[PDB]
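Chain residues, written in single-letter form:
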Amino acid sequence: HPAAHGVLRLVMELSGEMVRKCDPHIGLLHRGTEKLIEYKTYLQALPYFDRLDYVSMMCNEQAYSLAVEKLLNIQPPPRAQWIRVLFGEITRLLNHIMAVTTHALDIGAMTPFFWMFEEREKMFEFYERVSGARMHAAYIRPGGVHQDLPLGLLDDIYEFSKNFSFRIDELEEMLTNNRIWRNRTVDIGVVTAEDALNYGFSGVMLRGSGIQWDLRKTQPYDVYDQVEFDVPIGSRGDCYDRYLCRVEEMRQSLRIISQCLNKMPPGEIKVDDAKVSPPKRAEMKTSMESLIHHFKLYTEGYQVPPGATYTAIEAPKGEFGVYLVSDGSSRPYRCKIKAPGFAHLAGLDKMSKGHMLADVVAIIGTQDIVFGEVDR
Amino acid sequence: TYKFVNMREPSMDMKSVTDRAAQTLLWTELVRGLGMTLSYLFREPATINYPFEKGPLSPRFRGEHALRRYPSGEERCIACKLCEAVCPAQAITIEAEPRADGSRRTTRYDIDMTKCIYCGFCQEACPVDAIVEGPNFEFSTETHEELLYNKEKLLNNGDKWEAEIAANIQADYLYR
Amino acid sequence: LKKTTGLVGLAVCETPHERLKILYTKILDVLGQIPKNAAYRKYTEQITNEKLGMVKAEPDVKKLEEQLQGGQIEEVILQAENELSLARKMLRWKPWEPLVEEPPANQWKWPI
Amino acid sequence: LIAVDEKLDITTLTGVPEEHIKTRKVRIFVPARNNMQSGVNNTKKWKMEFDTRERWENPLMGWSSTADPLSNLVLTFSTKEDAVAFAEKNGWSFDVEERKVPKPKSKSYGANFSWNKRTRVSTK
Amino acid sequence: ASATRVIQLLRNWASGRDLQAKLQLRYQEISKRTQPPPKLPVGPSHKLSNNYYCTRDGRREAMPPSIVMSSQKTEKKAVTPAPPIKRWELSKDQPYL
Amino acid sequence: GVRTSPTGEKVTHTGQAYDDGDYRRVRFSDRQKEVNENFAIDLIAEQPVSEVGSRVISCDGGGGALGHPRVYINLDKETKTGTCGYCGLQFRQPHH
Amino acid sequence: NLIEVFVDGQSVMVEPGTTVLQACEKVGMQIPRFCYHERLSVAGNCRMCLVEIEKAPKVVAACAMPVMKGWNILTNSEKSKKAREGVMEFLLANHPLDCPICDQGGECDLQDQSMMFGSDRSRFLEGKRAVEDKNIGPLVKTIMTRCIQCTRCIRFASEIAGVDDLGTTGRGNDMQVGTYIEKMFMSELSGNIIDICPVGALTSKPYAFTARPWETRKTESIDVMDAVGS
Amino acid sequence: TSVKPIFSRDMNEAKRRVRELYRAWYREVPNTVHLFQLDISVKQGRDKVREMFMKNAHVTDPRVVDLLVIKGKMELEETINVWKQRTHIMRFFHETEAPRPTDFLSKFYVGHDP
Amino acid sequence: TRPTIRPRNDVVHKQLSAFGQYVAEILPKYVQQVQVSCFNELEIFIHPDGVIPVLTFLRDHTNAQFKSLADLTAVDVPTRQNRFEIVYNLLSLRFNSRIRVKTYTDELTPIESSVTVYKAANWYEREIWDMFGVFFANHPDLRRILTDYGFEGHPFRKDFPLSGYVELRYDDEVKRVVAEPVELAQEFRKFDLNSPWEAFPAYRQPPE
Amino acid sequence: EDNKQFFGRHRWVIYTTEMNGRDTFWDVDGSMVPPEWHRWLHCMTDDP
Ligand SMILES: CCCCCCCC/C=C/CCCCCCCC(=O)OC[C@H](COP(=O)(O)OCCN)OC(=O)CCCCCCC/C=C/CCCCCCCC
Ligand SMILES: CN(C)C(=N)NC(=N)N
Ligand code: SF4
Ligand code: SF4
Ligand code: SF4
Ligand code: SF4
Ligand code: FES
Ligand SMILES: [Mg+2]
Ligand SMILES: [Zn+2]
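Per the PDB record, the structure was determined using cryo-EM to 2.99 Å resolution.

Peer 1: How should I be thinking about the pattern of salt bridges in this particular structure?
Peer 2: Oppositely charged side chains can form a pair if their charged atoms are brought close together. All told, the structure shown has 110 salt bridges over all chains when counted by the stated rule. When the shortest N-O distance is used, the salt bridge between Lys15(B) and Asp19(B) registers 3.2 Å. Within this pair, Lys15(B) and its partner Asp19(B) are both found in helix α1 (residues 14-25), separated by four residues, close to a single helical turn. Exposure remark for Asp19(B): the relative accessible area of 43% places this residue in the partly exposed category. With its nearest N and O atoms 3.5 Å apart, the salt bridge here joins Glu84(B) to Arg189(I). Of the two residues, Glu84(B) is situated in helix α3 (residues 82-86) and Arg189(I) in the segment after β7 (176-181); the pairing between them involves two chains. Bridged by salt links that share partners, the residues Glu34(A), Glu38(A), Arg334(A), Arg376(A), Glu127(I) and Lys158(I) form one connected network.

Peer 1: What exactly am I supposed to notice about the pairing of strand β3 (residues 50-53) of chain G here?
Peer 2: Looking along a regular strand, one sees side chains alternate from face to face of the sheet. Residue and element names in this part refer to chain G. Judged by which residues are buried, β3 turns out to be covered on both faces: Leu-50 and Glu-52 on one side and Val-51 and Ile-53 on the other are all buried. Pairing of β3 with strand β4 (residues 60-61), which is carried by two bridges, proceeds in the antiparallel orientation. By the bridge assignment for β4, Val-51 is matched with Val-60. Between β3 and the antiparallel strand that follows it, β4, lie six residues.

Peer 1: I would appreciate a short explanation of the UniProt feature "domain: Zinc finger CHCC-type" (unreviewed entry) in chain F in the present structure.
Peer 2: Within this structure's numbering, the places UniProt gives as "domain: Zinc finger CHCC-type" (unreviewed entry) are residues 55-91 of chain F. Structurally, residues 55-91 of chain F comprises 0% helix and 38% strand, and the distance from its first C-alpha atom to its last is 11 Å.

Peer 1: How do you make sense of the side chain of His294(A) when you look at a structure like this?
Peer 2: Mapped onto the elements of the fold, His294(A) is located in helix α14 (residues 288-299). Residue class for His294(A) comes out buried when judged on its relative accessible area of 2%. The contact partners of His294(A), leaving out residues within four places of it in the chain, are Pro279(A), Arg281(A), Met284(A), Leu82(B), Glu124(B) and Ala125(B).

Peer 1: Explain the coordination of the magnesium ion (ligand 8) to me, please; I cannot follow it from the model alone.
Peer 2: Octahedral metal centres with six donors ideally show angles of 90 or 180 degrees, and tetrahedral centres with four donors ideally show 109.5 degrees. Coordination sphere of the magnesium ion (ligand 8), protein contribution only: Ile194(G) (O) and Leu202(G) (O), at 2.7 Å. Residue classification places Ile194(G) among the buried positions, given a relative accessible area of 8%.

Peer 1: Got a minute to help me understand the packing of helix α1 (residues 16-31) of chain C against helix α4 (residues 73-93) of chain C in this structure?
Peer 2: Packed helix pairs are characterised by how far apart their axes lie and by the angle those axes make with each other. All names here are of chain C. Contact geometry of α1 with α4 gives a least axis separation of 10 Å together with a crossing angle of 15°. One way to sum up the angle between α1 and α4 is to call them roughly parallel. α1 and α4 meet at a crossing whose hand is left-handed. Along its contact with α1, which presents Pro-16, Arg-19, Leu-20, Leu-23, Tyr-24, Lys-26, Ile-27, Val-30 and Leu-31, the element α4 presents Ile-73, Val-76, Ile-77, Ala-80, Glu-81, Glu-83, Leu-84, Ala-87, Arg-88 and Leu-91. For the contact of α1 with α4, the class distribution of residues is 14 nonpolar, no polar and five charged.

Peer 1: Even after reading the chapter, I still don't get the nonpolar core, so can you show me in this structure?
Peer 2: One recurring pattern in soluble globular proteins is that nonpolar side chains are buried together. Judged by nonpolar contacts, the single largest core of 185 residues is most densely connected at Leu86(A), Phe87(A), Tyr109(B) and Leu110(G). In terms of residues, this core owes the most to one element, helix α4 (residues 78-107) of chain A, which gives twelve residues. In contact with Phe87(A), not counting residues within four places along its chain, are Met58(A), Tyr127(A), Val130(A), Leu149(A) and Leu153(A). Core analysis: the second largest hydrophobic core is formed by 118 residues, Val34(I), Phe57(I), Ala74(I) and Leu93(I) among them.

What counts, and at which threshold
- Residues numbered from 1 in each chain as written, not as in the entry; some residues may be left out.
- Chains lettered and ligands numbered in written order.
- Part of a larger assembly, values for the part shown.
- Heavy atoms only, no water.
- Salt bridge = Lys/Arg side-chain N within 4 Å of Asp/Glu carboxyl O.
- Helix = DSSP H or I, 4+ residues; strand = E, 2+ residues; numbered from the N terminus.
- Buried < 20%, exposed > 50% of the residue type's maximum accessible area, 1.4 Å probe, protein only.
- Pairing = 2+ DSSP bridges.
- UniProt positions renumbered as here; feature names shortened; annotations may be inferred.
- Contact = heavy atoms within 4.5 Å.
- Donors = N, O, S within 2.8 Å, 3.2 Å for Na, K, Ca; no water.
- Axes fitted to C-alpha atoms, helices over the stretch in contact; angles between N-to-C directions.
- Parallel < 35°, antiparallel > 145°, perpendicular 65-115°, else oblique.
- Left-handed = near helix turned anticlockwise from the far one by under 90°.
- Nonpolar A, V, L, I, M, F, W, Y, C, P; charged D, E, K, R; others polar.
- Core = buried A, V, L, I, M, F, W, Y, C linked by side-chain atoms within 4.5 Å.

Dropping the structure here:
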């Protein structure tokens, strides 16, 4: 189904076209990612996180890296942290473009889809320049980032950010004050603050319902405590308010990107500890200790001290969490992935009470579900 | 800090009420959207003329694999199996034995390109730059079996793309 | 006074002080049935008397909200209702009794 | 709280096929130290693994194929009693191998230079 | 970009903004595809002296969790997991949209 | 340095060649067998031997950080050449 | 009678004549080692097993120092860690960069103890040492640039196999292990020198280059070539 | 040792639940054959229900019986609601699996399997 | 400066320890243990039948307003008598904190459903049942959520094979997708990676 | 090459009508370019 994102079976009971109940049948994209992660090492399990929410890829990588570094008791260097924050905001822009345009396409509008996907193409070029892969970069790793930026990336990112607010403005010219869009979205999928908190919603759902909560502000990670930005807050808790929150979050991510570009520091890109991050190729090819550590890291992997951690980040779709359990070996004993869309899709049935088929389509769009992360 | 996305109230003066009534009766914002789409109609399209034009790529791009050689012609791979150990998807199968001249060289080197996830760990783990991910990405086949590369196929890819592979590695080897 | 609380589904109360006093008094009455030595009773009685003293001391809503540090006055009332329901349930559960059962010998060992 | 005078058995709930429930003999053992290294950190936990089954050669590409779901399955247990309890409740047959620890040895550097004993070394 | 002056005027009038100021097509304003060779820094642990791994070992400083209370093993004020979160301030840059 | 089997099938540098009675040769009918023509063993044999006047020499394969790990070869045995085993390169001391 | 010693403050009763290494083994701590094998004699020359006694100004060789009454053995002390780092630095300073072409590969004690007890960086800015390779028959392949002069093969040869054709010739940094003549170390117990060599200097020639330790599956069976039943 | 019962306390109540589940499955086979357009007979479906019930006849723990009837109710509701397809219903019948030999001589001929 | 070592927060450590003592005093009937990890995470080990009282206290109490259920999973540890370890991750927005509550259970022992305290527990407990076999007593609708229809076995258990026991293909004779025993063209190559040299002395266990 | 066109359209190739032994008058592939011109066209370098 075009509106079902490919791998959702929504068993719906309809009285006429009014929706009597929704019974989301998921697992059509369940792969066994957690079992496979148990069978891989810590470096081999990074692309699995790359492919979970395949619209916020560097965000998933950052969450996994933060969890592993917390268990390892190491600290990424400042330049690595600033690169992580910059690309996390670029990833947030990518994800919010995808969310808004696909929501508007399920409504019926396609020109914004095409425009903002041209912008997505430019950001994909940035991804490919740093990493060599257009989406599944596998660039953010425990201990920092894999490689340093090429010598024109910051200038090109500055140009892109310079010419992007106009694209957001053109997007808003077609949707914000359009009475058809307002009729389709206003007072659709209203969720109260208490209901959102109990059902376990996070991120844009809470902010649209009016709860003042954001992990980047309350529980900062990396260098998010050194950047200034505003947290959009909704009032009516409906699709229109969540759309406004997402657009304003795109603008605030532009703010953060500008600050990162101006404040990028010099230095190294990974923790200067060859027992966790690999040494450089020249050191590997000239130094015996470096060659030994390269061999051991790429065959067995670093050992992680035993323990369990739950680390969460403010991914573009809400709170993305990882509960990682290590038994002192080079391979993770347990890895539970908390995708924010799981709870939202669980709450889909309540939000669609007393609505119609088109309303349910709009509600799915405003929840912004990725079934890769839902099913894992 | 935080901001309210939608908490403004409209003024109730007669001029503003008349303006809103005119917007309701005369579809002002609808005409505005029409004007935006007309502007995009008169702008320049952003389409490249594939296959006669190609999108930009970088020296870091990960495409089809290749096995390199030394400038003397000797194969770089020494059957160390680091790439096989580090491969996330277990796409590499390597079997080796001493050669006739006593070198440590591979007899079997298979990559299942239907199992590979094109992550580039193998070229990071290689201590002699033998296995690389070349710039080629247009290698789609008509049968599944043709995607099960072996040592002869990978060596042919390396010999065919050696110049471009060497140029890319020269460009990007100072960042590694 | 204020038009909205800013939270969907949470209405504004015209009489915050009286409602808060009623809820705190009900909470204190319910806690009187819990045994005196129960650790639950002492702490919640302390916090309720601390918050009941504030509501009877500050007539201004904004100053009272600043003093309580519990968000808005409607949020404070909702939290009082939740605390009252929890007090009733804890009276039913009786969790001050000694431990039900110690776990097996190696039940929380890690790594293992 | 009911009382059952029965042995625990969850074979009907595990979902394993009857063939792999009945015809499988797991081996509970402590792994032997790899002779190539002097470390002894891999000889501390009991392991449970299944008997080897057939592996043949794939006609295409010559890979090694298998039909045994439990070929790569190895479980780690802290104690022999725990391992045996798990094997019994899951219904597989089992063979238990007692742990082998090196016996204490009397070492003395001064024995290398004995006045009249054969322990004197001819080199250093 | 390459366009007629009348077409540019019609685009500006219809869109309401000066499009040439913010173009979505890149005309020679991007960085060159060939760059001078870089020289990346080394790091903080590349010293030849006073640099012992025992003093910069993150993993070996990890400790098992501290057992605050175990079953096997005055008037205290009631406490909270953390001090209550302070109320957010309304943005000065743009409080309302 | 490709070689032809008695069945008309090319022999790979690893010696692979399907037997006469092997049924697996059917996959090559109406199609071709992928064999690389260049043989690394032949090329490295074609390479000459570098004479250096030192007891120990170092090889990194050429290119520095683009070669292989640097290794040291001891040129003391006069009955044979010292071979860098990463790149199979032979070195010798000036005799006579 | 047993004497009481302390390992990291934990009491343990050991027989007199027990070494520091064996006391730590009894309390469950395995001290790093290269030249110590429990089946061979005590040599004490690699110096990898140095530990600190609580009041002693000088670190002692754990593999050869008998314990005295009331000693506190600080296994993970700063002096012990620094001693291990220094010894590993010297070893890896002269070792060759042969890990990818080395059969020892992923089952090397030099690699594992370097990753656990040594530093992560190199300060050696000089040239390395290259040693001529010897030939001792068709079973054992010798690449003696990887030798760390631990004298395990010498002690094993003489003591266990009763064959005294292995030793050290020369002295100083140019010390070499070999027969000094073209002699084959042929004996019924030769591959055990392949097993006990902690580095890749002595490796199996039939097994050369075929596999890596992490790939292989280990099956515990018995031997049928003779009636001992190994 | 007293253990927390899932349901049924003793074994007789577990048998009662088993009989209720068997009746529910017995009255569902005609509707299943009709809706899924199965080419099998109603007698074949009832026989398969009987066979799947009989393979657990050796259970003597009431908690295991309770879990079995819970799973049976789950897979019955997957059939009444037509969540399952014809594919799964016919997966119950192993219509494509080749008959594995069971005698020692045939097993010896085919391969190394015990 | 120690740039490569994570800085520690003793203030947060002390706050978490104090709150752990507080809750352990308040609920002595169920709480068996309280721990604080050195990266400042509070962990509470309770008796399995105290799930509802402990969670209701942690949600409604004024000094612990853990209004959000961040996660709910289980861990399979075969070596234990009660192999399954149920973990609840709670987030308190009022005090900007997070807590963890862990209980234990085995194959045949049910755990009371917490859908009456948190509504996310519905799908979380359905997933726990689907992937581990743990039964939840008063669940509104307990069934498989992720596995295929009619799938037998609970995949996330340690004793379940990675590739399972069955695989799917389309059979032309019967004109439908069929399930057949698993058969791999290339067997998964199991690697023994653990080094035989102990890495972390701080976690060393007694020889016993 | 035409630098006046926007990035991506500034370089292009007109394929031949016969390569090796196949007539490519209408059937033109993206893999018909040698590796050096492939790099030049995909803009991994600015030097032809
Ligand atoms: C012949 C060519 C005509 C071409 C016209 C093209 C116009 C532009 C085309 C784009 C529009 C097409 C998509 C838009 C479809 C939907 C448009 C729409 O919504 O219009 C309805 C619009 C919206 O209503 P709501 O916002 O929902 O408010 C309801 C409150 N309960 O309401 C309308 O009815 C407007 C319809 C136009 C009314 C005509 C104006 C009346 C003015 C009267 C003055 C003249 C009086 C005559 C007497 C003269 C006395 C001297
Ligand atoms: C497959 N994914 C991720 C989609 N978003 N699909 C879609 N049709 N919108
Ligand atoms: S790119 Fe990654 S998945 Fe592909 S062969 Fe290399 S290591 Fe394996
Ligand atoms: S990592 Fe390189 S040298 Fe080692 S086996 Fe792979 S391709 Fe060969
Ligand atoms: S002996 Fe060990 S450290 Fe030396 S080259 Fe071989 S694997 Fe590497
Ligand atoms: S060859 Fe091996 S066993 Fe002999 S002294 Fe050298 S390192 Fe030790
Ligand atoms: S092991 Fe003691 S000095 Fe070598
Ligand atoms: Mg050896
Ligand atoms: Zn070389």
